[PDB]
Amino acid sequence: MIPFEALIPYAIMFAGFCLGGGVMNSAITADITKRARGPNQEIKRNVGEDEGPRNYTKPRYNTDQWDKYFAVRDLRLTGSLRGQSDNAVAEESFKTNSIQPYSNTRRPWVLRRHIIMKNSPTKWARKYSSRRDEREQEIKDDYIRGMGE
Amino acid sequence: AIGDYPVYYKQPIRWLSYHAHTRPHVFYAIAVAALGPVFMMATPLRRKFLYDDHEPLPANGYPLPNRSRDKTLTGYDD
Amino acid sequence: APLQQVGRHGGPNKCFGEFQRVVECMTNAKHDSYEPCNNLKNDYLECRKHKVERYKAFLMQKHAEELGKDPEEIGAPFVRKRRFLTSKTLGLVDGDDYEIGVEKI
Amino acid sequence: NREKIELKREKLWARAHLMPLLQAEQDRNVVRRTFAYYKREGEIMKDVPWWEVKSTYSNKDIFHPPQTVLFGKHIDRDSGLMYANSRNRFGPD
Amino acid sequence: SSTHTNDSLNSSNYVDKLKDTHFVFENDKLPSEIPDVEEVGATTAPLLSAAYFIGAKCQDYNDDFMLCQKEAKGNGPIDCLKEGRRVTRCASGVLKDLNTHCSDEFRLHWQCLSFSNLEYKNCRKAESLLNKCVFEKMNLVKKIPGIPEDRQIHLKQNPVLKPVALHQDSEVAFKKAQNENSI
Amino acid sequence: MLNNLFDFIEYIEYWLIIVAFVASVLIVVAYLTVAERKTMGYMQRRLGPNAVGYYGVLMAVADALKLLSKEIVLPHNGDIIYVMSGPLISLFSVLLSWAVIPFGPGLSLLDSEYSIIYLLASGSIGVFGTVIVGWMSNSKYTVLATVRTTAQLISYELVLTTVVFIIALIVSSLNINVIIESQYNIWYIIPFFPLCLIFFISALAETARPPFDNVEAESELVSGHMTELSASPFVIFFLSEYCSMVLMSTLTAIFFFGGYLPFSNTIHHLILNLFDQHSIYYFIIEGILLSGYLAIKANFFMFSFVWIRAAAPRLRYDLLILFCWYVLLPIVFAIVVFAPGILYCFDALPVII
Amino acid sequence: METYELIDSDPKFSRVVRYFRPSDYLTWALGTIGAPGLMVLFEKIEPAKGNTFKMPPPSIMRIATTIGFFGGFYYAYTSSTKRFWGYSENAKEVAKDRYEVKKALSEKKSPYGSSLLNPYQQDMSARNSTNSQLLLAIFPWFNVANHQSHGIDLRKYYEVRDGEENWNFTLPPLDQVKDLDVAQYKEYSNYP
Amino acid sequence: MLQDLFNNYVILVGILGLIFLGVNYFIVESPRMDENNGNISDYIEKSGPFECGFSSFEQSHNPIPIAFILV
Amino acid sequence: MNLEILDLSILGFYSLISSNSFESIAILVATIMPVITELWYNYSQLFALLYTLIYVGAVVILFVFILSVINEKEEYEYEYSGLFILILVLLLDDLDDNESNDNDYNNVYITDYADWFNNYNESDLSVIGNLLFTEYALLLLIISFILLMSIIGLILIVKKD
Ligand SMILES: CCCCCCCCCCCCCCCCCC(=O)OC[C@H](COP(=O)(O)OCCN)OC(=O)CCCCCCCCCCCCCCCCC
Ligand SMILES: CCCCCCCCCCCC(=O)OC[C@H](COP(=O)(O)OCC[N+](C)(C)C)OC(=O)CCCCCCCCCCC
């Protein structure tokens, strides 16, 4: 005697997982494939008649630094982080569209603002004592003084 | 002397039995842990009777040929 | 000689070569004093903080202000939002200003 | 685990073959931006007769690409949502 | 590896906000004294699909470019520009030959890699067809150095690890060659 | 409209993906409360909730709505910080732990090489949020329950952390997705059957579920840390506790039963061969199929949570401390030495690929 | 300083024990029985309890013998190490070392032996273990690996010294000896 | 690796927690619609600690010996 | 708007007005959370997770000791402070947040150039373990020695027997 009433909540729980997986697998895969079609909206959305079947790109996982360089390199060729192209030669705009991130190198805010964490003998010296910065300013000044030789 | 505590250096076998009956959480945890280094000691046997160790992965960068640059190489010139 | 300045992939990092040439100079037996290795020390410290190079950029920015040069006419173009690294900015033939996908690679 | 080692060896050698063509492209990019740095420095400091355009490293036989830049136009300054009113990267709007 | 660095795109735009990252372009071309060369235009999946054929065709030029880097002694990116241009042209030659001789077989393999997380083990069937087509028309053989020829993983008959999902196009194209070539 | 309407969906698409992800997890958690009473009811030869909604399908909705319509008990309206901070920390901790659960290959909100550490680190915060309820409180049952929560945390934390580290050691990775895909040819239930029991025992202690329900022991501490909680603060703690049951059941299926991998490779290919891969419908079915495999395995362990509650009596927490420190820890640290020795002996040290 | 010939700047654990002189074994025994004997002497000097002599319990003598056994080996290990380093007279050890190396070279085998360690780990292992005997009194550390960083040049084994003509070892060039650095990097300069 | 989707999820989790508090706050009938025994602040007989019916010594700030402190 | 500045502003306010020992064990958790998040989003996600894994276990043990030592003292005691003196103190503190005085190092932005030479690409934790277990193995074995001493030390202090 299998009690079917007791198995109903498990069926809904089973369908709970399937709702998440069915949406995530299809919505993400479709978006990656859609954005890999071209560099503008008229190619991503519209489907040409002379085009063949749609080949889908699945989501990526277990990546490393090479995949980050690949993703940026793909963007400079196709406008997508997972673009598709097997052309033996790139466009002319690929020679001058390199992206170079420039960022500050400042210490974390918690280091320089926490009421307790910002206090130490060397932090006070770096912040209130000019002994260190006087010496290092001499090195910078030598760079411009030595230009003439 | 029906249930005395065995002396380890006089009755090693009975000393093992006492702990395997009264302190199973100690006897068998050690027994499992001993199987680690014992298998590591059986490694030389495997290298001679089952199969040799694999060739090391090329994890030291690009393999540079141990030679001088070929000075007669041409092709795909400007 | 213990390893120093090891990159995140186990090999030498950007500034290891500068450090290695300092050690070789300081420990060479052909040197009477440590004066020959003074330029190598500055090069290693410049590799890490770039303090002199940042100082040069400070002078160029300041010198451009006093002559009225426009920062946006002499500098390099940049984008602050990653979503707007669009194909039009990248220069593609069929470029567009629509946002790029950065949600999931 | 013994097949994973073989799978890793195949991947490691596949990356080794692509390494020269990918690094040769990256070497040209660094050289291209290196000349762009010293060209920008030459224009700004041209009227200063004593200024010498050079790297900040004493060792002149080691290539040290510059790692700082001067910021110009903010291309996506006027951006909305789903569309950046992107300013002209190549020259004035 | 997802470590945040100062040399490429980071994990999210909160990382850019904390670093105040500027994504900087340079409109200047390479100087006119340096000879021009057309860059390689293939993306990740085609390049990985063609990795072992670029190796089997440009081995002399790849080694010569890398050996130039070692002999440069720090002055690397400047002193090996001429050797680098040879590498780029040779790699483009292989991709050019793939699209004229083995176009359908080549596009089949890297469409499976895109379908399968770019893992070589998931696309053996399409790879075998591409290897057969390339060898007949370009005389290129994929070889994994350092191991015996009969222990190469891509030639293993019964691999332990196999794709969970099957690429339907690869299954169809593998059956067609089975019934027509190996009678 | 048209174009603006169509690409606005693209601008909102990933938020709906998250909303669907949140909705999917809450449906399982809501109906786990119903399933537990149905499962216990028939094991106890009763029916369980079948009068609230058709065959009892609205019992979870009624419990939440009734509790959300109740007055919140607190000394003052401005004293929300006291009995609400604790429930929120507990709920946010378990919900954030779901960011690394993959429903399929690459279908996790967060993917990183340290997903295992994030999983353990996130759940440890929930332990902190529980003890905050006894914040110099004048309720002696809340105070007595806070002491027991710390005692249980010390018991299971070492064992649960070390077990997951052995599984990560066998694959030489801390990425959860890599651990699942490493179980193609073997499910870790067979080589590590002792560790699966220990993981489940640790999960019962972590979730304060019987036979380790010494925190919320009704016969001992009326309601434990919940004795002073009513209305919304009670729902959040109750919701987070059942979210943790689903999480640990899903982790048991991931670490030892292959995650989303199919039970039968032959049947998995047969079902998927009916749908063209060039159509979006193939990927819907595959997403349902792979999550279904994960759902089936996780449903069995959610059943097992209810099953052990209906069969075993409660164990005192001072005995739980001795059990975890004198029995489980020596066994797990033996296997952490056993496993690398076996692999080295046969030249099978793992690598990431 | 009365320095001597350097044999091995980082002798392997097995070589140190094998090269024990009969006095080194004698001191090992003295250390082993010196610890129970000192417990008797300390009681003889001043009884632990009261004013009369009492033999220490057998359990104390058991643990004392174990402590002395390890102490006797550490002393003997450092006595034999000095001969390899050249700090102590090692004329006998040089003759034995030369015979073993020349015998292995003639067989085209490494005088150091084949290693499971890759080139980095052989170098790293030598860095960790070289000169570690100077702190053997504090904590132990031994060379149990077949590395090539021994502080010697194998060309000095290619000159026949007094009392070595009857060995008649024909030594090949160093590039034919298996598992040596100078005969390992044939195809690639970064792979052995 | 891109974690922009993960950032949105963490944002949603933070907002979702405040929804339970707010929704319960806006849904409950005002005390005047109920028995109308005033605001919860005055009803000290309700906000007092639970001791199974009988009041006891208020020992909230007294130290509690802990038998497992060494563990 | 860098919202971490606001978080530390609130934390500094609550550290000045904290009275009892429970509030102090909350200042600790209110400090680790900004550290963990800022490490996660800027510098090291590995060490953001290591902080969470280790400090939380220390926090709960710290909290359980508060229960055994709470001694009624600061619930009924009075503090004076003054709202004006608190906010003025925090305003003067907020004025100077430049921990370093190298203006060029703090103002000029830098970049790094990527290279493709590292084809064996693994996580930072694998390299840390590779060095820690090979070259700095002595450091690891001393740390193991110190952990052993703490185990003996805790017993000889707390155990009455
Ligand atoms: C999910 C959100 C959980 C937190 C929401 C509640 C917000 C309250 C403040 C949270 C932390 C902000 C910084 C506070 C540090 C601790 C200082 C403190 O004593 O707590 C403040 C709280 C208010 O009490 P109050 O009446 O205002 O002052 C005493 C008057 N004699 O006095 C209390 O004792 C109540 C504290 C309740 C338990 C809080 C435990 C700390 C939780 C911190 C998690 C978040 C980390 C911090 C993030 C914000 C950083 C500023
Ligand atoms: C090496 C292979 C490892 C095997 C892996 C499993 C290890 C388990 C260890 C158990 C030891 C034990 O039950 O310990 C018993 C201890 C203390 O008992 P005690 O006071 O010593 O009395 C017993 C000693 N006698 C009999 C020798 C006198 O507490 C318990 O009752 C713990 C009860 C745990 C039940 C949890 C329910 C889990 C249900 C799982 C459903 C999927």
# chains A, B, ... in the order shown; residues from 1 in each chain; ligands from 1
>>> select_by_dssp(residues="chain G", states="alpha helix (DSSP H)", output="ChimeraX atom specification")
/G:13-18,22-45,58-85,91-106,119-129
>>> interface_residues(of="chain F", to="chain C", cutoff="10 Å", atoms="only C-alpha atoms", output="PyMOL selection string")
chain F and resi 7+10-11+14+106-111
>>> write_last_selection(atoms="C-alpha atoms", output="PDB file, in the first residue's frame")
ATOM      1  CA  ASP F   7      15.334  44.651 -25.117  1.00  0.00           C
ATOM      2  CA  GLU F  10      17.076  41.543 -21.929  1.00  0.00           C
ATOM      3  CA  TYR F  11      17.897  44.268 -19.393  1.00  0.00           C
ATOM      4  CA  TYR F  14      19.037  37.892 -15.264  1.00  0.00           C
ATOM      5  CA  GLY F 106      27.863  25.875 -14.905  1.00  0.00           C
ATOM      6  CA  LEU F 107      24.369  26.663 -13.574  1.00  0.00           C
ATOM      7  CA  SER F 108      25.489  28.190 -10.276  1.00  0.00           C
ATOM      8  CA  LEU F 109      25.188  31.887  -9.487  1.00  0.00           C
ATOM      9  CA  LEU F 110      28.722  31.866  -8.071  1.00  0.00           C
ATOM     10  CA  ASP F 111      31.449  29.742  -9.644  1.00  0.00           C
TER      11      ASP F 111
END
>>> closest_atom_pairs(of="chain F", to="ligand 2", cutoff="10 Å", atoms="only C-alpha atoms and all ligand atoms", output="Markdown table")
| residue | atom | partner | partner_atom_place_in_ligand_line | distance |
| --- | --- | --- | --- | --- |
| F:192 | CA | ligand 2 | 5 (C) | 9.0 |
| F:193 | CA | ligand 2 | 5 (C) | 7.2 |
| F:194 | CA | ligand 2 | 5 (C) | 3.6 |
| F:195 | CA | ligand 2 | 5 (C) | 6.1 |
| F:196 | CA | ligand 2 | 5 (C) | 7.8 |
| F:197 | CA | ligand 2 | 6 (C) | 5.4 |
| F:198 | CA | ligand 2 | 6 (C) | 5.6 |
| F:199 | CA | ligand 2 | 6 (C) | 9.2 |
| F:200 | CA | ligand 2 | 40 (C) | 6.3 |
| F:201 | CA | ligand 2 | 38 (C) | 5.1 |
| F:202 | CA | ligand 2 | 38 (C) | 8.9 |
| F:203 | CA | ligand 2 | 38 (C) | 9.6 |
| F:204 | CA | ligand 2 | 38 (C) | 7.9 |
| F:205 | CA | ligand 2 | 36 (C) | 9.2 |
| F:210 | CA | ligand 2 | 37 (C) | 8.6 |
| F:211 | CA | ligand 2 | 36 (C) | 6.7 |
| F:212 | CA | ligand 2 | 36 (C) | 8.3 |
| F:301 | CA | ligand 2 | 42 (C) | 8.1 |
| F:304 | CA | ligand 2 | 42 (C) | 6.6 |
| F:305 | CA | ligand 2 | 41 (C) | 8.2 |
| F:307 | CA | ligand 2 | 41 (C) | 8.4 |
| F:308 | CA | ligand 2 | 39 (C) | 6.2 |
| F:309 | CA | ligand 2 | 37 (C) | 9.3 |
| F:311 | CA | ligand 2 | 39 (C) | 9.6 |
| F:312 | CA | ligand 2 | 37 (C) | 7.5 |
| F:313 | CA | ligand 2 | 35 (C) | 9.4 |
| F:314 | CA | ligand 2 | 33 (C) | 9.3 |
| F:315 | CA | ligand 2 | 31 (O) | 7.2 |
| F:316 | CA | ligand 2 | 29 (O) | 9.4 |
| F:319 | CA | ligand 2 | 29 (O) | 6.6 |
| F:320 | CA | ligand 2 | 29 (O) | 6.7 |
| F:321 | CA | ligand 2 | 29 (O) | 9.4 |
| F:322 | CA | ligand 2 | 17 (C) | 7.3 |
| F:323 | CA | ligand 2 | 16 (C) | 5.1 |
| F:324 | CA | ligand 2 | 16 (C) | 8.6 |
| F:326 | CA | ligand 2 | 17 (C) | 9.0 |
| F:327 | CA | ligand 2 | 9 (C) | 6.5 |
| F:328 | CA | ligand 2 | 9 (C) | 6.5 |
| F:329 | CA | ligand 2 | 7 (C) | 10.0 |
| F:330 | CA | ligand 2 | 1 (C) | 9.3 |
| F:331 | CA | ligand 2 | 1 (C) | 5.8 |
| F:332 | CA | ligand 2 | 3 (C) | 8.1 |
| F:334 | CA | ligand 2 | 1 (C) | 8.5 |
| F:335 | CA | ligand 2 | 1 (C) | 8.4 |
>>> closest_atom_pairs(of="chain F", to="ligand 1", cutoff="12 Å", atoms="only C-alpha atoms and all ligand atoms", output="CSV")
residue,atom,partner,partner_atom_place_in_ligand_line,distance
F:76,CA,ligand 1,26 (O),11.6
F:78,CA,ligand 1,26 (O),8.8
F:79,CA,ligand 1,26 (O),8.2
F:80,CA,ligand 1,6 (C),8.2
F:81,CA,ligand 1,6 (C),4.9
F:82,CA,ligand 1,37 (C),5.3
F:83,CA,ligand 1,37 (C),8.1
F:84,CA,ligand 1,5 (C),7.4
F:85,CA,ligand 1,3 (C),4.1
F:86,CA,ligand 1,3 (C),6.6
F:87,CA,ligand 1,1 (C),7.6
F:88,CA,ligand 1,1 (C),4.6
F:89,CA,ligand 1,1 (C),4.5
F:90,CA,ligand 1,1 (C),8.2
F:91,CA,ligand 1,1 (C),8.6
F:92,CA,ligand 1,1 (C),7.3
F:93,CA,ligand 1,1 (C),9.4
F:125,CA,ligand 1,44 (C),9.4
F:126,CA,ligand 1,1 (C),10.5
F:128,CA,ligand 1,40 (C),8.7
F:129,CA,ligand 1,40 (C),7.8
F:130,CA,ligand 1,38 (C),10.5
F:131,CA,ligand 1,38 (C),9.6
F:132,CA,ligand 1,38 (C),6.0
F:133,CA,ligand 1,38 (C),8.2
F:134,CA,ligand 1,38 (C),9.9
F:135,CA,ligand 1,38 (C),7.4
F:136,CA,ligand 1,34 (O),9.2
F:137,CA,ligand 1,34 (O),11.2
F:233,CA,ligand 1,1 (C),12.0
F:236,CA,ligand 1,1 (C),11.6
>>> write_last_selection(atoms="N, CA and C atoms", output="PDB file, in the first residue's frame")
ATOM      1  N   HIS F  76       9.454  47.199  23.109  1.00  0.00           N
ATOM      2  CA  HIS F  76       9.157  48.477  22.476  1.00  0.00           C
ATOM      3  C   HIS F  76       9.275  48.331  20.968  1.00  0.00           C
ATOM      4  N   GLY F  78      10.913  50.200  19.000  1.00  0.00           N
ATOM      5  CA  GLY F  78      12.289  50.428  18.623  1.00  0.00           C
ATOM      6  C   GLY F  78      13.245  49.320  18.984  1.00  0.00           C
ATOM      7  N   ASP F  79      12.759  48.269  19.652  1.00  0.00           N
ATOM      8  CA  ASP F  79      13.575  47.127  20.045  1.00  0.00           C
ATOM      9  C   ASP F  79      13.570  46.022  18.998  1.00  0.00           C
ATOM     10  N   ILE F  80      13.347  46.374  17.730  1.00  0.00           N
ATOM     11  CA  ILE F  80      13.391  45.393  16.653  1.00  0.00           C
ATOM     12  C   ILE F  80      14.792  44.813  16.511  1.00  0.00           C
ATOM     13  N   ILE F  81      15.818  45.604  16.832  1.00  0.00           N
ATOM     14  CA  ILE F  81      17.198  45.160  16.661  1.00  0.00           C
ATOM     15  C   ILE F  81      17.480  43.904  17.473  1.00  0.00           C
ATOM     16  N   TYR F  82      16.762  43.705  18.577  1.00  0.00           N
ATOM     17  CA  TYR F  82      17.082  42.597  19.471  1.00  0.00           C
ATOM     18  C   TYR F  82      16.724  41.250  18.849  1.00  0.00           C
ATOM     19  N   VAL F  83      15.443  41.030  18.552  1.00  0.00           N
ATOM     20  CA  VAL F  83      14.968  39.709  18.151  1.00  0.00           C
ATOM     21  C   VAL F  83      14.794  39.586  16.642  1.00  0.00           C
ATOM     22  N   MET F  84      15.213  40.589  15.870  1.00  0.00           N
ATOM     23  CA  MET F  84      15.215  40.480  14.416  1.00  0.00           C
ATOM     24  C   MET F  84      16.601  40.335  13.814  1.00  0.00           C
ATOM     25  N   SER F  85      17.636  40.865  14.466  1.00  0.00           N
ATOM     26  CA  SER F  85      18.985  40.740  13.926  1.00  0.00           C
ATOM     27  C   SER F  85      19.420  39.283  13.861  1.00  0.00           C
ATOM     28  N   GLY F  86      19.106  38.505  14.891  1.00  0.00           N
ATOM     29  CA  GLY F  86      19.449  37.103  14.926  1.00  0.00           C
ATOM     30  C   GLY F  86      18.827  36.288  13.808  1.00  0.00           C
ATOM     31  N   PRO F  87      17.501  36.369  13.651  1.00  0.00           N
ATOM     32  CA  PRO F  87      16.859  35.637  12.545  1.00  0.00           C
ATOM     33  C   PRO F  87      17.373  36.022  11.169  1.00  0.00           C
ATOM     34  N   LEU F  88      17.699  37.296  10.952  1.00  0.00           N
ATOM     35  CA  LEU F  88      18.163  37.720   9.636  1.00  0.00           C
ATOM     36  C   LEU F  88      19.554  37.178   9.333  1.00  0.00           C
ATOM     37  N   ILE F  89      20.448  37.189  10.323  1.00  0.00           N
ATOM     38  CA  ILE F  89      21.785  36.640  10.119  1.00  0.00           C
ATOM     39  C   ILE F  89      21.702  35.157   9.785  1.00  0.00           C
ATOM     40  N   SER F  90      20.828  34.428  10.478  1.00  0.00           N
ATOM     41  CA  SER F  90      20.661  33.007  10.199  1.00  0.00           C
ATOM     42  C   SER F  90      20.083  32.774   8.808  1.00  0.00           C
ATOM     43  N   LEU F  91      19.107  33.588   8.401  1.00  0.00           N
ATOM     44  CA  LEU F  91      18.487  33.400   7.094  1.00  0.00           C
ATOM     45  C   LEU F  91      19.422  33.815   5.966  1.00  0.00           C
ATOM     46  N   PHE F  92      20.087  34.964   6.107  1.00  0.00           N
ATOM     47  CA  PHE F  92      20.999  35.418   5.063  1.00  0.00           C
ATOM     48  C   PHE F  92      22.147  34.443   4.867  1.00  0.00           C
ATOM     49  N   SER F  93      22.592  33.791   5.941  1.00  0.00           N
ATOM     50  CA  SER F  93      23.712  32.862   5.843  1.00  0.00           C
ATOM     51  C   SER F  93      23.362  31.652   4.987  1.00  0.00           C
ATOM     52  N   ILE F 125      28.441  31.507   9.625  1.00  0.00           N
ATOM     53  CA  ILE F 125      27.825  32.752  10.062  1.00  0.00           C
ATOM     54  C   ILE F 125      26.437  32.496  10.629  1.00  0.00           C
ATOM     55  N   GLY F 126      25.712  31.524  10.074  1.00  0.00           N
ATOM     56  CA  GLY F 126      24.395  31.205  10.595  1.00  0.00           C
ATOM     57  C   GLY F 126      24.425  30.742  12.036  1.00  0.00           C
ATOM     58  N   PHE F 128      26.429  31.895  14.292  1.00  0.00           N
ATOM     59  CA  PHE F 128      26.522  33.119  15.076  1.00  0.00           C
ATOM     60  C   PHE F 128      25.159  33.777  15.237  1.00  0.00           C
ATOM     61  N   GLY F 129      24.366  33.819  14.164  1.00  0.00           N
ATOM     62  CA  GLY F 129      23.077  34.487  14.234  1.00  0.00           C
ATOM     63  C   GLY F 129      22.101  33.817  15.179  1.00  0.00           C
ATOM     64  N   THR F 130      22.277  32.517  15.423  1.00  0.00           N
ATOM     65  CA  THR F 130      21.395  31.814  16.347  1.00  0.00           C
ATOM     66  C   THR F 130      21.651  32.231  17.791  1.00  0.00           C
ATOM     67  N   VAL F 131      22.922  32.348  18.184  1.00  0.00           N
ATOM     68  CA  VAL F 131      23.245  32.649  19.573  1.00  0.00           C
ATOM     69  C   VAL F 131      22.896  34.084  19.945  1.00  0.00           C
ATOM     70  N   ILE F 132      22.687  34.960  18.959  1.00  0.00           N
ATOM     71  CA  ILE F 132      22.398  36.361  19.242  1.00  0.00           C
ATOM     72  C   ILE F 132      21.041  36.538  19.914  1.00  0.00           C
ATOM     73  N   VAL F 133      20.150  35.551  19.808  1.00  0.00           N
ATOM     74  CA  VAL F 133      18.831  35.676  20.422  1.00  0.00           C
ATOM     75  C   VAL F 133      18.950  35.774  21.938  1.00  0.00           C
ATOM     76  N   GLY F 134      19.837  34.981  22.532  1.00  0.00           N
ATOM     77  CA  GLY F 134      20.109  35.091  23.951  1.00  0.00           C
ATOM     78  C   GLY F 134      21.074  36.214  24.263  1.00  0.00           C
ATOM     79  N   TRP F 135      20.736  37.423  23.821  1.00  0.00           N
ATOM     80  CA  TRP F 135      21.574  38.605  24.010  1.00  0.00           C
ATOM     81  C   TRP F 135      21.202  39.220  25.350  1.00  0.00           C
ATOM     82  N   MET F 136      21.950  38.839  26.393  1.00  0.00           N
ATOM     83  CA  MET F 136      21.677  39.177  27.791  1.00  0.00           C
ATOM     84  C   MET F 136      20.182  39.137  28.088  1.00  0.00           C
ATOM     85  N   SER F 137      19.501  38.123  27.561  1.00  0.00           N
ATOM     86  CA  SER F 137      18.056  38.018  27.684  1.00  0.00           C
ATOM     87  C   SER F 137      17.667  37.532  29.072  1.00  0.00           C
ATOM     88  N   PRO F 233       9.719  37.178  13.360  1.00  0.00           N
ATOM     89  CA  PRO F 233      11.004  36.591  13.775  1.00  0.00           C
ATOM     90  C   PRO F 233      10.968  35.079  13.899  1.00  0.00           C
ATOM     91  N   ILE F 236      11.178  33.523  10.132  1.00  0.00           N
ATOM     92  CA  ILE F 236      12.495  33.633   9.513  1.00  0.00           C
ATOM     93  C   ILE F 236      13.427  32.554  10.044  1.00  0.00           C
TER      94      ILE F 236
END
>>> closest_atom_pairs(of="chain F", to="chain D", cutoff="6 Å", atoms="only C-alpha atoms", output="CSV")
residue,atom,partner,partner_atom,distance
F:348,CA,D:1,CA,5.2
F:350,CA,D:1,CA,5.1
F:353,CA,D:8,CA,5.8
>>> interface_residues(of="chain A", to="chain E", cutoff="7 Å", atoms="only C-alpha atoms", output="list in words")
residues 56, 57, 58, 60, 61, 63, 64, 65, 68, 69, 70, 74, 84, 85, 86, 87, 88, 89, 90, 96, 97, 98, 99, 100, 101, 102, 103 and 104 of chain A
>>> residues_around(residues="stretch 37-50 of chain C", least_positions_apart="3", cutoff="9 Å", atoms="only C-alpha atoms", output="ChimeraX atom specification")
/A:139 /C:14-19,21-23,25-26,33-34,53-55 /D:56-59,64,67-68 /I:105,110
>>> closest_atom_pairs(of="chain I", to="chain B", cutoff="12 Å", atoms="only C-alpha atoms", output="tab-separated table")
residue	atom	partner	partner_atom	distance
I:116	CA	B:61	CA	9.9
I:117	CA	B:61	CA	6.5
I:118	CA	B:61	CA	6.3
I:119	CA	B:61	CA	6.5
I:120	CA	B:59	CA	5.5
I:121	CA	B:59	CA	9.0
I:122	CA	B:59	CA	10.5
>>> write_last_selection(atoms="N, CA and C atoms", output="PDB file, in the first residue's frame")
ATOM      1  N   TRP I 116      51.214  35.365 -21.726  1.00  0.00           N
ATOM      2  CA  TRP I 116      50.688  34.028 -21.952  1.00  0.00           C
ATOM      3  C   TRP I 116      51.680  32.933 -21.588  1.00  0.00           C
ATOM      4  N   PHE I 117      52.782  33.279 -20.924  1.00  0.00           N
ATOM      5  CA  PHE I 117      53.805  32.281 -20.630  1.00  0.00           C
ATOM      6  C   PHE I 117      53.327  31.257 -19.610  1.00  0.00           C
ATOM      7  N   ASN I 118      52.490  31.666 -18.664  1.00  0.00           N
ATOM      8  CA  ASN I 118      51.968  30.756 -17.648  1.00  0.00           C
ATOM      9  C   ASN I 118      50.839  29.943 -18.263  1.00  0.00           C
ATOM     10  N   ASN I 119      51.194  28.821 -18.886  1.00  0.00           N
ATOM     11  CA  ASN I 119      50.187  27.912 -19.414  1.00  0.00           C
ATOM     12  C   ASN I 119      49.708  26.903 -18.381  1.00  0.00           C
ATOM     13  N   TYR I 120      50.505  26.629 -17.352  1.00  0.00           N
ATOM     14  CA  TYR I 120      50.053  25.845 -16.206  1.00  0.00           C
ATOM     15  C   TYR I 120      49.438  26.824 -15.217  1.00  0.00           C
ATOM     16  N   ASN I 121      48.118  26.955 -15.266  1.00  0.00           N
ATOM     17  CA  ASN I 121      47.396  28.024 -14.586  1.00  0.00           C
ATOM     18  C   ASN I 121      46.579  27.427 -13.447  1.00  0.00           C
ATOM     19  N   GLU I 122      46.988  27.703 -12.212  1.00  0.00           N
ATOM     20  CA  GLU I 122      46.304  27.189 -11.036  1.00  0.00           C
ATOM     21  C   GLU I 122      46.086  28.309 -10.027  1.00  0.00           C
TER      22      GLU I 122
END
